[PDB]
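The chain below stands alone and is given as structure tokens, in the form deposited without S-adenosyl-L-homocysteine (SAH).
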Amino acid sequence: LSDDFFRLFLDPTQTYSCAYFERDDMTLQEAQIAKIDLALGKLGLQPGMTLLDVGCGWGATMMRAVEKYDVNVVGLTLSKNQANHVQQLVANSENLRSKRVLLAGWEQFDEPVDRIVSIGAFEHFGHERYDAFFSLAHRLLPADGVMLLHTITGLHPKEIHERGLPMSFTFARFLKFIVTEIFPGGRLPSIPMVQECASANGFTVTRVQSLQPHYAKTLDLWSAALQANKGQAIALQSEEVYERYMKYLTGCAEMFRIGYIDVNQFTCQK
């Protein structure tokens, strides 16, 4: 799936994650900005500090940090195209603030940093190395370092409650199946798991903000946008991919509408 395909429905910043409609009247793009600000506004960034963006994407977050918090910034991505893109954007920076993009994984970064931010990308599920991750977050942040993790989470067996659906172990397991195999179709971390993995590597989860409502609308806006470009979509990929996404976007939006799927920002203050 070409990056061109996703550009058919994502906003100009190409943010493939939950948007934050701080205002109901916000556009997908404004919501993505607010989401980024929501994240950043939680790190207590001070001019001169160095921010690490784990999974910088097309760079919207980095640039926003430099702009509103006047800080140096290091971004990591496993996407040649995203690195290329941000690297070009960063070229000839007169700004008295360092801006660096790296085509490496977080497990290969080893630099003193003041604050860490990690906003995941939708279909990128693989939260099975969270323990080692905090160890690294700890091993890089200042004594009062702070990190924000924006991730999709799933319901912990003993975490559900008060939704109006069966409370059995059989129903939970079925939903767990649906969630891991179809919508979204990957293994998701539970809120307890993150709070626990963090509380065991030198961190303390100060806040857990849910953006569940917002994702329903984000996905709603992505599907509408995609449908409006059905022609181009079928032309870049095929009618099979187009349909797959329309129903995968639709299905995932519903999983949030029942709560077995959630998206949280975890302020991890150490």
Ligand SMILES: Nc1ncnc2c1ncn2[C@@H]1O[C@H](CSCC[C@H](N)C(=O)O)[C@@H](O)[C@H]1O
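Sequential numbering from 1, following the sequence displayed. Rigid core: the largest C-alpha set superposing within 1.5 Å between the two forms.
This protein has a second form, the form deposited with S-adenosyl-L-homocysteine (SAH) bound, left out of what is shown; the following refers to that one.
Here the chain stands alone, but in the entry with it bound its contact with S-adenosyl-L-homocysteine (SAH), taken as any heavy atom within 4.5 Å, falls in 48 to 56 among 202 to 210, 48 to 56, 65 to 73, 235 to 243. Taking non-hydrogen atoms only, residue 104 approaches S-adenosyl-L-homocysteine (SAH) to within 4.5 angstroms in the entry with it bound.
Contact check for residue 79: a non-hydrogen atom falls within 4.5 Å of S-adenosyl-L-homocysteine (SAH) in the entry with it bound. Residue contact check for residue 119: one or more of its heavy atoms lie within 4.5 Å of S-adenosyl-L-homocysteine (SAH) in the entry with it bound. Contact between residue 20 and S-adenosyl-L-homocysteine (SAH) in the entry with it bound is not found at the 4.5 Å heavy atom cutoff. Among 124, 97, 100, 138, the residue placing a heavy atom within 4.5 Å of S-adenosyl-L-homocysteine (SAH) in the entry with it bound is 124. Just one of the listed positions, 193, 132, 121, 102, moves its Cα by at least 2 Å between this form and the one not shown when the rigid core is held fixed, and it is 121. After superposing the rigid core, the C-alpha of residue 70 moves by less than 2 Å between this form and the one not shown. Once you line up the core between this form and the one not shown, the Cα of residue 237 ends up 2 Å or more from where it was.
With the core held fixed, the Cα of residue 175 is displaced between this form and the one not shown by 2 Å or more. Note: the CA-CA distance for residue 179 and residue 216 expands in the entry with it bound relative to this form, by 3 angstroms or more. A change of 3 Å or more separates the two forms for residue 159 and residue 190: their C-alpha atoms lie farther apart in the entry with it bound.
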